[PDB]
Structure formats: structure tokens, C-alpha cells
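One structure below.
None of the figures in this text is laboratory data; all of them are computed from the coordinates on show. All Cβ positions, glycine included, derive from the backbone under ideal geometry; neighbour counts span all protein chains shown.
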Amino acid sequence: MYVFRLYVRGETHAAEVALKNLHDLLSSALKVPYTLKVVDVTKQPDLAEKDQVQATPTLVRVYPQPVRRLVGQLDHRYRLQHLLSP
């Protein structure tokens, strides 16, 4: 029972690959299934502005807990690896 949110900018091949890679890593990382939705940072100011995104993609863990916000050039597993840590 977890809600997942991933942020991307417009239409980028790297962003989609990163999204799939992050989705892929999360699935393998977590035994239990989860729901992930795609949010357009440029299209929706409310989420983009509120989320304070600088470098894409931005990984936000939606409730139930744990709730997290991770923002940066997310093209490698190192950032994701510390993200999974308690």
C-alpha cells in the first residue's frame, strides 16, 4: 500500500529511459507492487513549483509512509541506492 510519483520535463528520451529504469529498479528493490504516475513538470506549475525541482527527473514517494522528495540528475543507481536506505 504505497503511492509513487515521478517527475519529467516535457518529452525527453533520457527522461523516459530514466523513468523506466527507476520504475524497473524500484520494482526489483521492493517485493510488494506499487502504483507510479507520470507528472509533467512544465505543464502543471502547482506540482513543479511546490516540488521545487531543479535537476530532472524528480522522485517523490507518495504516502502511505515513508514520504520522500529526491531531486537531481537521476540517471544512475547510486542516488536510488541511498533512497531505498532507511
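Brief remarks on what is shown
- Panel order for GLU49, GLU16, by other beta carbons found within 10 Å of each beta carbon, from fewest to most: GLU49, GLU16.
- Using 0.36 nm per residue and subtracting the Cα-Cα separation, the extra length available between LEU30 and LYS50 on full extension is 4.4 nm.
- Candidates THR58, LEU83, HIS13 compared by Cα position along the dipole of segment 3-84: farthest toward the positive end lies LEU83, with charges placed on Cβ.
- Note on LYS20: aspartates and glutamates with a C-alpha under 13 Å away, same-chain residues under 8 apart excluded, are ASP75.
- Net charge contributed by nearby residues that have their C-beta within less than 14 Å of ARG79 (K/R +1, D/E -1): +3
- Spin-label model, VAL67/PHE4: points 7 Å from Cα along the beta carbon direction are separated by 2.0 nm.
- Antiparallel DSSP beta bridges within the chain, percent to nearest 5: 60
- Given 13 as the ceiling on other Cβ atoms within 10 Å, longest exposed-site-free region of the chain for trypsin sites (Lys or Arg not before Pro) in DSSP loops: 44-86
- Cα-based shape type of segment 1-67, given that a ≥ b ≥ c are square roots of the gyration tensor eigenvalues and the cut on a/c is 1.5: oblate
- Amide proton proximity set for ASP40, modelled H, under 5 Å, gap of 5+: none
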